[PDB]
Every structure is written in C-alpha cells, then in structure tokens.
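Heads up, the thing below is written out as structure tokens.
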Amino acid sequence: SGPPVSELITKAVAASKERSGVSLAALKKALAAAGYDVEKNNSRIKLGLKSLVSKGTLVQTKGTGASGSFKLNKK
Amino acid sequence: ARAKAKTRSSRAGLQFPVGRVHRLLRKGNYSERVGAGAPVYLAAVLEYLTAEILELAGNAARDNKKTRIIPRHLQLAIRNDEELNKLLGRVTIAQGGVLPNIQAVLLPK
Amino acid sequence: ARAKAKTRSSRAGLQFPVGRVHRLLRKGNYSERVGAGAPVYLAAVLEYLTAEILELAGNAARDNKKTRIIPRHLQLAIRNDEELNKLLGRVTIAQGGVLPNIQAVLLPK
Amino acid sequence: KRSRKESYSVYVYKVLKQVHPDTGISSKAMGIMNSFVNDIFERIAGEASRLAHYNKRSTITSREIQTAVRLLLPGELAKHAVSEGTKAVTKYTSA
Amino acid sequence: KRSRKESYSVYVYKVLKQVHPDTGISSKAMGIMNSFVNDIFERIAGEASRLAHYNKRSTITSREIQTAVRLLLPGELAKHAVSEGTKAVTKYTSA
Amino acid sequence: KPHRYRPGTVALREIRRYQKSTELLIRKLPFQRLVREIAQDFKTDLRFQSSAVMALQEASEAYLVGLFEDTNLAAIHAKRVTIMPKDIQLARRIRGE
Amino acid sequence: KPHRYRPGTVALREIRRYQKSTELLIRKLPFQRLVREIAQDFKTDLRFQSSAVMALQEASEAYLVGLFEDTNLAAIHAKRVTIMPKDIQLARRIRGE
Amino acid sequence: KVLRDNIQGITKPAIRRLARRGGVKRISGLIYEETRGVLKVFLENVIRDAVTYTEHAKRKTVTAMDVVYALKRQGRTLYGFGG
Amino acid sequence: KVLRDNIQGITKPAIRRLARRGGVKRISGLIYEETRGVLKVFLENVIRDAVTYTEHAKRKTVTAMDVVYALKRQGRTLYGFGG
DNA sequence: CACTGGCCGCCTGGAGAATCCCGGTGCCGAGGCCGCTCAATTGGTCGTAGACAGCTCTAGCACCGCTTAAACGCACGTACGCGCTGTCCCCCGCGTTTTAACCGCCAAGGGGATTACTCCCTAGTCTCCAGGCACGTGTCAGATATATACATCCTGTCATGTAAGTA
DNA sequence: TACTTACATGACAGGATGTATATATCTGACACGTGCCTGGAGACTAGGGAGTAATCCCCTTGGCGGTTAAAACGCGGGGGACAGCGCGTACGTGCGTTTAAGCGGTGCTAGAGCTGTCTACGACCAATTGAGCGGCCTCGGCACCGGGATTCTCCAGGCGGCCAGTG
C-alpha cells in the first residue's frame, strides 16, 4: 500500500528543478531510484499525469497533454 | 553380332536419362564438344536434387495426411530448406503460394 | 588476278571491326550459324554506345577542364544518364568512385 | 497423331517411387518438377560454358561440371552432389 | 618473346577522335571501355543465343539482335541503335 | 448486440487464410482484359493463349507478393504496422530497378 | 582558444572531399594480408597477384559503398542519420543475401 | 473496341488479398494506386518482352512459353509452364 | 607464415572513410565489427569462387581475371581489370 | 495590476583556417611512329536451314443466359503514426602520441605461360532395337457434402489498486 | 494520518462462431495398359583438344631502413536516437446491394501449327594483305608545389521580446 504515487511524482519533479521542464525519462528514473514498478504502472502514471495537469497544481512547460515536459507552477 | 543394348543410366545406376541430358547439352550449344563424364555427373546431380526435394515433398504431404503431391508441397519443400532457398530464392513456384512466414512483431501479444 | 582488299566495316561505314565481332561470335559459340547482317548490326549498336559514352565523357572532362578522360569522368558519364544506369545497374567501375550524391536530409538546416 | 513432346515426367515418377513408393503426384507438380529440371540444367550448362571459355576449353568435362556445381550449389549440398556424382562416374567407368 | 593480347584500343581511340578530336584518354579509363564493350557484347550475344534457342532457329540474323536490343537496352538508346543498325545493314548490302 | 471482432484479428485471419491458400487471388476475366489493354498499346489486335493469361496471372501476383514481403521488411524497419507507399518505393529502389 | 567545428560538418566536408576523390580508401598492405589470410583458410600456400589484390580492393570498396548508400536509404526511411547494424541486415535481407 | 481502364479491375479487395498473402496487416489508401501503377510498369516490361518475342516468333497470339522466357530474361524465372 | 587477426587489418578509420564514400554522415560504434563481418563473408564468397576458378585452371597464383569472373557470375561485374 | 530589469534568441557584423585559384616547376604516360604478324577478306563451293505455299483443325474469339459471391460503399469502432520535449549517452571532432605502411632498394625463385609431343577422348554416322510418348481407359482420393469440437476471443461480471473523503 | 469507500483497470469466466474435425459420394484425373517410332546406343573412325615436361623470366615473395601519415587514444560535448503519449486520424470490419465475373453452353474462323519446295544464305579452305597491336621515346598535359581570396564556419555584440521580479 503506502502513500499515493502522485506524491512520489510531486517530490520527483521537485527534486531536480531544471530551467526547462522534466520529461518522462528523468521522471520515471527518479521513481526507479525512489522505488516503483514503472513497467507495470504506465497506465497509473498516465492517469496521475492527467490528474496533476488537469487540476491545476502543476503546469506543462512546452509539451501537450501528458506528452512533453513539466515544471512547477508560479506558486 | 551387335551387343545387347544397355542404358547409360543403368550403367551409372541412375534413373535420370544420360541420353536426354547429353543430347540437351550437345544441342543446347554450350561448348564445341562435351566430355563424357559430364552428363553422367549432371544426371547424378539432378537425380540427387529431385530425389531429396521429393523426399521433403513426400514427408510434408504425409504431414498433411495426403498422399499426392500438389505444388504447395513443392513450395513447402523448397522454402523450408535454407540451402535450397539459397539456390532458389528468385524462382517462383506456380500455385505454390507462400511459405507460412509471419513476423513475430506483427503477431499480437 | 585478285580483288583489292576491302573491309566490311568500311563497306558499312563503321569503324568497329565487323570481321572481329563476327569472329568473336563464331568462336563465342552462341549458335552454329550467324546471319551476315548480325555482326555489322552489333558493331553499329556498339559504335553508337561508345560514341554516346565518349561524348558524355568528353563533356565531363571539359567541365573538369582536363584534356584526357579519367575513370572519374566515366563514372560521372554513366551515373548522370538514366538509360545508361538502366544498362549498367550492376556494374563496377575501377577508380570511378561514386556520383556526388548527398541526400537532402544530410545537408544542414 | 502428334509429334512426341518430351518431358522428364517418367524419371520424376521413377525416383518418386524409388524414394516413396506409397505416394502420388499431380500434373501441376509434375510441370513444376519439369521446370526445375530445365532451370537447374540450364544454370549448370551456363556455368560450364563459362568455365570452358575462360580456360579456352573446347570440351566440358566432369572436372568442368564439378567446378560448376561447386560454384552454383551451396555448401554441403555441393559436397553431397560431388559424392553422388563421383560414385556415379566411378560406377560408369566400371562399365 | 611476348604473345599479343587483343583489345579494342585503336577503335575506341578512333571513335573518340571522331566524337572529340581534342580530348585524350588515360589507360585505366581505356580499360574501362574495353570491359564495357566486352560486357555489352556478352549480354547481347547471350540474349541472342537464348532467342535462337527459343524459336528453334539455328542462326542469329540481324533481326535476332534487333529483338535483343529492344530487350536489354531501353527506349531511346534501343531505337536509335536500331536506326544505326538499319542504315548500317542497308549500306552493307549496298556494298 | 451483434458480434464484432477487433481490428487486425480478422486481418490476421485473412493473412493466415491466404498464406494457407494456393489458389489464384485475382479475378481472372479483368486480368485478361487488362493484359489485352496493355497489349493493344504495343501492337494492334493481339490475342492471348489462356495458358499465357494463367502464367502472367501467377507471375503478376507472385511479383506483387515479393514486393509486399519487401514492404513488410521495410515497414517493420520503419516501426510501423500501417504501411505507406514510400516503403514500397524504398523497396523498389533497393531491389535494383 | 583553438578553433573547433560543430559535430557533423567535418563529416560533410569529408563527404564532399571524398565524393570528389577517387583514391582507394582501404590500406593496401593489411587488405592484402586479409585476402591472404582468408584464402589460406580455404586453400593453402596461395599467392596473389598485386593487380588481383587491387581488383579485390575496388570490389570491396564499391560493394561496401553501395551497401552504405543502401543503408543510408534505410536510415532516412527510419528518420535517422546514423546507420545501424539492423539497417545493414535489412539491406542484406531485402537484397536477398 | 478499345479499352481505356481495366487496371481498376485489379480491384482494391484483390490488392488487399495480395498483401494479406505477404503478411501485410494494415494498408493505407495510398498504396493500392501505386501498386496498380508498378504492376502496370512490370506487366509493361514483361509484355513488351512478350510482344517482342512473339513478333520475332512472327505470331499474333501470345504463347505461355513466351511468358516464361520473358520472365526468365527479367530474372523472375517462373516454374510451371516451361515447355 | 600463418595470419590470425587480419579482420582488424581493415581499420576503423578505413571503415569510416568507406562510409564517407558511402554517403554516411554518422557511423555507430557497432557498425565497424559487423561491417567487418559482412565484408568477410562477401570476400569468403568471392575468394571461394575465384580460388575454385584457379584450381580449375590448375594454377596456384590467383589472378585478377578469375576475381572479376567470380564477381560477374554473382551479378557484380567489374570494369577495368581485363573483364 | 502595472512597472521594470535581465537574460536569451535571433539579427548583424567580425575573423581566421581549408580549399579554391592562380602562378610556377619537372616528369611521365600518351600517343605517334616503327616493326611485326596474324586475322580479315574474297572467291568459290557445299550444303543445308528456313521462308514460302498451302492446308487443317483447335482453342480463343464471339456471343448468350442464369446466378451468387465480388465488391462496394457507408457506418462506425477503433487501432495508428508521429511530432515533440526533453533525457541519455555516444560517436565527432580536436588534439597528442606511436607505429608501421609506403617508399625505396635488394636478392630468390615459383610458377604462368609457352612450345612441343603425344595420346585420350569424343562427335559422327549407320544401324538396330527398345523405352518412353501418344492414346485410351478404369477408379478411389479427394472435392464436395453434412454434422460436430474446439480455439478464440471477445465480452460479461468480479478483484484489486488506488484515489478520494473523512473522523 | 490512518481508515473507510467506490470506481478505473485488469482478473476471471463463458458462449458464439469460424475453422478444424467425424464420415458419405461420385468423379475425373491419375494411375495404368497398348502401339510405336523416334530416339538411345554400339562400333569404328577421324581427328582434334588437352594433359604433361621444361624453362624462364618476370612477376611475385621474402627482407631491411626511415617516415611521418596514419592509426590509436583521450576528453569535450554537441547532437542523434528515442520512450512514451496525446491527438487528430485514417483505415479495418460488419453488412446489405449490385453487378459483373463465374458457370455453363453454342459457332467458327482465324490463327496456330504441320508439311512439301527450293532458294537464300552461311560456313569454310587457300592466298593475300593491310590494319592493329607491341615497343619506345618524348614531351607537354599533368603531377607536384608555393602564396592570396574567397568561402565557410564559428564567434561576438546589439536589439527585442519574453520572462521574471517587486511595490
């Protein structure tokens, strides 16, 4: 069980903070370093990405939808 | 007082006609003259080739529980041997169709 | 007592030798008989081929401003002609290299 | 009547019954085998002519056609063909 | 003592000077032209031999090579070689 | 609800069915008409043996089969399950025309 | 600081230079050594004419550069510019070797 | 008398069946017309050879042995009708 | 007299310069050994054919004529060496 | 919410090395001439191959009628390529270092090639005869038909993970 | 923050259907019997190509002394490959309709194709020659070298626009 995976996504994207947004490669390897079944949870991380983009906490840098790269919002 | 007429196919123990292949070489205009062992060697080569591809054809037909060879059996004979396929990659069999050959990537998961 | 010696090529107004191609066809063993128009026809075809290719080589050498042809000129002559590539798709030219052929994506921007 | 039109059908039948007495054959497959015999024969004849002309040979011998098999026939098929032809020519030379 | 090796030297040099009087040759390019004439001769002669085999004619006439030049050479090159050979054989019959 | 199969499954069954098949895949009469049509562009009032129409039929379909095996190789090389005519064009270009 | 060109334009400089070039790119002596080494595997004590080693060198060079244009066609099919061994295998398969 | 379009008689389902033989699982709409075109080119090449043979045979009906010979020239020697 | 590792005799820059003639801008690291392998099998075919030509001639010195003939009968005719 | 500074992306101007590009120098391979020789030519004959002429007889041309799968076009679910934004890493490029290839030179003999001799071998031809071709004809393997099992496969209902609300 | 809850996504199960699986039948193509004659060979002969010894000489093989070009290595790093993923998207698939191919059925004639002629033509020997190739030289077109110009290619300053920060 444990905490929800969206929190893991938030800490993974807040860990790096590049000038540009973080794409899915560095995100999925950040989860792999933190510890996650990234191979069997592509749909789970896809719905997590859709949830975090749609609700407005996180903003997309240059990509469209779940494609592309992602940064933190203004506040 | 002529001797009894034997056949060169029986002389070399072959089933292919040494006479017909020799005539086809002599009248096919491939050299001015032909050494005598060459048609015998040729008939032996074709006899072995036809024999083993009929081996594959008969075994494939017995695998498909039919006793009579259709050209599908010949396609299945030739295309299932790599070395014959190196011999006959560019050759089309009439009504043989295609060897069962499906790429694994386009097969589903 | 004898007719003056007159070659068949000058009779045809061709400068590839008709007797040479006739000789090489007779001892090339393609048939036991050859029609009299056949070697002069073949020599005419070859003379048109060589005249065309030496015209292309001469223009290529003039554009490379060199007086004598080089196999680079012959490679440029063959590759810049469509039907010659149709004729010699499977032909290697010694020290001819390749035609300058850079794909559009390889260029920058 | 008609003029006799030649084919290798009887010899294909003979080797077929030799290696598989129990099986049958169709006419379309028979034509395929006749085309196969014609094709392999003309290939070997062409290579034999080229080897004869390159050595300026006015005859094609068992050496020439053996060479032509080694050129055309790939690998262990060629070695078995050499073995079969060698056995055949030794039996023929034994009269 | 050396034995003569025959080639197409003075003929290709003649057709060159007729097509370009002021353009020279290298020896390597000259070998390329020798190999070209040999290769095209082999292609036409072999195709003609197969044609004579097909129609059971024992001879290669000008019509056999006319067939072969429509076969191997495509289009403009073929028909203009046909025209050259046609006027060539008419001049040959007129001499 | 009328029963309906997912895409590609019927396509794969088609692939299996006609690789298993050996018959002629083209309607015979329009092929005969087309080869007569192309023939009339070359010489007028030409006729065909039925066997010549047979042999052109099997050769045409087999040459097309060879192009589609080359197409398949190029298409999987292009990582696509849907083929495009540029793949056939590349296949023609590499095949040596 | 010493001058340095961007990755690739030296390669295209080589492209332009070597398509204008005609010279044999394979080193003569190790190519001769490789021909002797391959031939000794099949038949012993084989001697090679210098012109024969040459003709093998243009043979290898032209065959390989033809296959390299072929693989570059495969690469621009595959939206790539760096060719891979699978492009080579594709060319080998679709050519029929 | 004359015919102007029979290439469409090599129908879209028939081209689909041909590609189903080759293992093609999905076919875009662009391919069918170009395959008709290259089939026109290939049959043009073969039948040009065929009329050239037949005219050299001085016949006015094409024989299948002409077809096999023309395919043998082009390098796709066809078994099943030789002789 | 015996030679062992002449597969590396065709050096990596030699392969790169071939592909420079081959119109290749970037060459992967896996290319060199596998192209060495395909060159090896190509020369295996060609030299096997040529050696068969030589021993058919009962000769021990390999000649360029047999090389260009081995090339030609594989559909790879070469110009400029007496072919 | 409006002002404002700062930094990068492109515009715009600069700078220096690689190769044109232009002039200068020797040297080698082109070709022109000489010698040779052998192959092309011609006359004439022998022989024979194929177009001509004529017939004949068979499968395609031509036409005609019934039928149901070909196909075909629309609906609609639904699988598809692909640009893209990074990220990963991997050869490209620019050096330095090292070594053996190239050049130049030298000695050896291997065998490629040529000539000569000789004899092994093979087409030709008449003839005799015999084995597969032509042709006819019976007949069970399968081409077709009818009833049944199982893949299969897609779909109906549960399990679980998980996101969301809450004490 | 743990505990409880309810829905998306797979887990598990199940029935329709197309293709495989069980015999029944009748058919004609395939297997088999018959006349033969066209073709397979046997023996002798003519004669011709090729196998083999010698040798020689020339072209290849073996060997050495430098030489940096070339090979090899290492680091900086820009760039190539690409994993996935929405997103428009184009095509597979189901299914009734249509029509034109398929089946099956008749006339025939034009054309494929076999047969007698005799001519057109080609193959081939002796003599003769004249064009075409080996040898050699010689020389200027080309191989090599030295110095500006330009072109390419990276670099750098300026402007604007975008982006971020604060009162």
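Don't overthink the numbers, they just go from 1 along the chain as shown.
Method reported for this entry: electron microscopy, 4.0 Å.
Placement of Cβ uses the backbone N, Cα and C atoms for every residue, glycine included.
Noted in Swiss-Prot for the protein shown:
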MOD_RES   A:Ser1  phosphoserine
DOMAIN    A:1-74  domain 'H15'
MOD_RES   A:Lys17  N6-(beta-hydroxybutyryl)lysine
MOD_RES   A:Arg19  citrulline
MOD_RES   A:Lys29  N6-(beta-hydroxybutyryl)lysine
MOD_RES   A:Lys50  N6-(beta-hydroxybutyryl)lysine
MOD_RES   A:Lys55  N6-(beta-hydroxybutyryl)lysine
MOD_RES   A:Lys71  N6-(beta-hydroxybutyryl)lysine
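Structure with Swiss-Prot features highlighted.
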| residue | record | Cβ contacts under 8 Å, 6 or more apart |
| --- | --- | --- |
| A:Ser1 | phosphoserine | none |
| A:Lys17 | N6-(beta-hydroxybutyryl)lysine | A:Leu72 |
| A:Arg19 | citrulline | none |
| A:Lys29 | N6-(beta-hydroxybutyryl)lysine | none |
| A:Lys50 | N6-(beta-hydroxybutyryl)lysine | A:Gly65, A:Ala66 |
| A:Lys55 | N6-(beta-hydroxybutyryl)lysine | none |
| A:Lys71 | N6-(beta-hydroxybutyryl)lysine | A:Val13, A:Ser20, A:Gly21, A:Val22, A:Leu58, A:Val59, A:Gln60, A:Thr61 |
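Mapped onto DSSP classes, the domain 'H15' (A:1-74) shows 37 helix, 7 strand, 30 coil. Filtering the modified residues A:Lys17, A:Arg19, A:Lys29, A:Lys50, A:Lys55, A:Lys71 for a Cβ under 8 angstroms from any Cβ of chain F leaves an empty list.
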